[PDB]
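Just below is one structure, and these are the notes that go with it.
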Amino acid sequence: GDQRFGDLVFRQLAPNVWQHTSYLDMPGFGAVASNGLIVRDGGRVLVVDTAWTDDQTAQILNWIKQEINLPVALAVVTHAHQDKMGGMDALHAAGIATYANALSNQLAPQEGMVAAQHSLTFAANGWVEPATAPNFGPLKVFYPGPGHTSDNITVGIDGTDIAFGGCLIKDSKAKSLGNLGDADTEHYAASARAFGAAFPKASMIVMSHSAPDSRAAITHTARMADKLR
Ligand SMILES: O=C(O)[C@H]1CCCN1C(=O)C(CS)CS
Ligand SMILES: [Zn+2]
Ligand SMILES: [Zn+2]
């Protein structure tokens, strides 16, 4: 279930995988949830996405210390928006190595974010260049093309049924495709489909602004994105 830890929520998704959830008032929209992931890889922990704020992100690290009690080797953030990179300083204060798409690091200052320390680059087929993602263990990082943003990246967790679409994917029951302020409306549908094709066996799709869902999240998101063109 949903473990409440201060103002955050944690949910175990698999033996070594948890979802972190944090909330921010978006004046005119209410308190918006954002999800990321925590993965135990043997004797270390890997984080996908910060919380919205430094204070919330320090609480993620607090929860990890209580519930896992192993060092956080690295974090990867999935685009330069506040829900994914707003807590970078908390990671850096904690001594955690940080990674983002090169383009996310380029965009970070203008988006009001602190850049990650390290930049990922991607091959033509979308897979991360392995030299740029050293020691990523089971995290398989894929750039699906521009969609939710120009820099959005996605992450599969090897050894599990899980793939993380970040803010690119909404759930199968979503009424509409939101969070589109920086979206690439022409390429969105293809990028959503490319995410699905990159992780063809993943049966649990995790995303920033919906609870985990089946692969119908991907098909439904892509279908709605077809209407943006
Ligand atoms: O408000 C929007 O449309 C876009 C563009 C600016 C940030 N954004 C978001 O939705 C937030 C979550 S509220 C980050 S994914
Ligand atoms: Zn975003
Ligand atoms: Zn988001």
Side-chain angles (χ1 to χ4, degrees), residues 5-10 17-26 31-41 44-66 68 70-122 128-129 132-137 139-143 146-155 157 164-168 179 181-182 206-209:
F5 183 89
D7 210 47
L8 283 77
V9 174
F10 297 83
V17 184
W18 300 258
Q19 184 182 254
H20 65 77
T21 307
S22 61
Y23 300 84
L24 187 67
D25 185 55
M26 291 307 293
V32 178
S34 180
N35 305 315
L37 291 169
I38 304 169
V39 177
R40 183 178 63 74
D41 173 31
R44 70 207 185 119
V45 175
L46 316 174
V47 170
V48 182
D49 292 335
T50 73
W52 298 93
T53 71
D54 294 318
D55 288 345
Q56 289 167 352
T57 302
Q59 287 316 311
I60 293 172
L61 302 181
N62 292 340
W63 179 91
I64 292 170
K65 176 59 180 179
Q66 170 175 298
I68 304 171
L70 292 168
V72 178
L74 62 91
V76 58
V77 300
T78 62
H79 59 283
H81 280 164
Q82 189 185 4
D83 52 342
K84 312 287 80 191
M85 288 180 75
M88 298 304 309
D89 273 346
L91 298 180
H92 295 166
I96 297 164
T98 59
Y99 296 81
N101 186 352
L103 182 55
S104 303
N105 289 331
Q106 180 193 307
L107 292 172
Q110 73 200 69
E111 295 299 324
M113 301 295 111
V114 171
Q117 293 162 337
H118 304 286
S119 291
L120 304 181
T121 65
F122 296 86
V128 69
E129 294 193 313
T132 73
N135 302 115
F136 266 47
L139 302 186
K140 198 183 193 192
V141 185
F142 181 74
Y143 175 64
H148 165 74
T149 60
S150 65
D151 63 320
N152 56 204
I153 60 169
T154 66
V155 184
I157 309 171
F164 182 68
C167 314
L168 181 67
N179 313 105
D182 291 334
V206 181
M207 69 216 92
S208 295
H209 302 301

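By convention here, the first residue in the shown sequence is residue 1. Atoms considered below: every heavy atom in the structure, side chains included; atoms not considered: hydrogens, waters and symmetry mates.
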Take a 6.0 Å sphere around CG of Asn62 and say whether it holds more than 12 heavy atoms from other residues, nucleotides or ligands. yes

Take the angle between the ring planes of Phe122 and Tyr143 and call it parallel below 30°, perpendicular above 60°, tilted in between. tilted

Does a side chain donor of either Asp151 or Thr149 reach within less than 3.5 Å of an acceptor in the other side chain? yes

Any donor-acceptor pair under 3.5 Å linking the side chain of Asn105 with the backbone of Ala102? no

State, to 0.1 Å, how close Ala94 and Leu61 come at their nearest heavy-atom pair, and which atoms those are. CB-CD1, 3.5 Å

Give a yes-or-no answer on whether the side chains of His81 and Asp182 include a donor-acceptor pair shorter than 3.5 Å. yes

Nearest heavy-atom contact between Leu107 and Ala80 is CB-CB, 4.2 Å

In short, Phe164 meets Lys84 closest at the heavy-atom pair CZ-NZ, 4.1 Å

Output, in order, the C-alpha distance, side-chain angles, deciding distance and verdict of side-chain contact (heavy atoms from CB on, under 4.5 Å) for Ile153 and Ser104. CA-CA 9 Å; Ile153 60 169; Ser104 303; 5.9 Å; no

On a heavy-atom basis, the closest approach of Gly86 and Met113 is N-SD, 3.7 Å

With side-chain contact (heavy atoms from CB on, under 4.5 Å) as the criterion, how do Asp83 and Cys167 come out once you've worked through the C-alpha distance, each side chain's angles and the decisive distance to 0.1 Å? CA-CA 9 Å; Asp83 52 342; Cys167 314; 3.6 Å; yes

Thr98 and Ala116 have their tightest heavy-atom pair at OG1-CA, 3.4 Å

Between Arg44 and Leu70 the two heavy atoms that sit nearest each other are N-CD1, 4.2 Å

Should the pair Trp52 and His209 be assigned to parallel (<30°), tilted (30 to 60°) or perpendicular (>60°) ring geometry? tilted

Close side-chain approach of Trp63 and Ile38, heavy atoms under 4.5 Å: yes

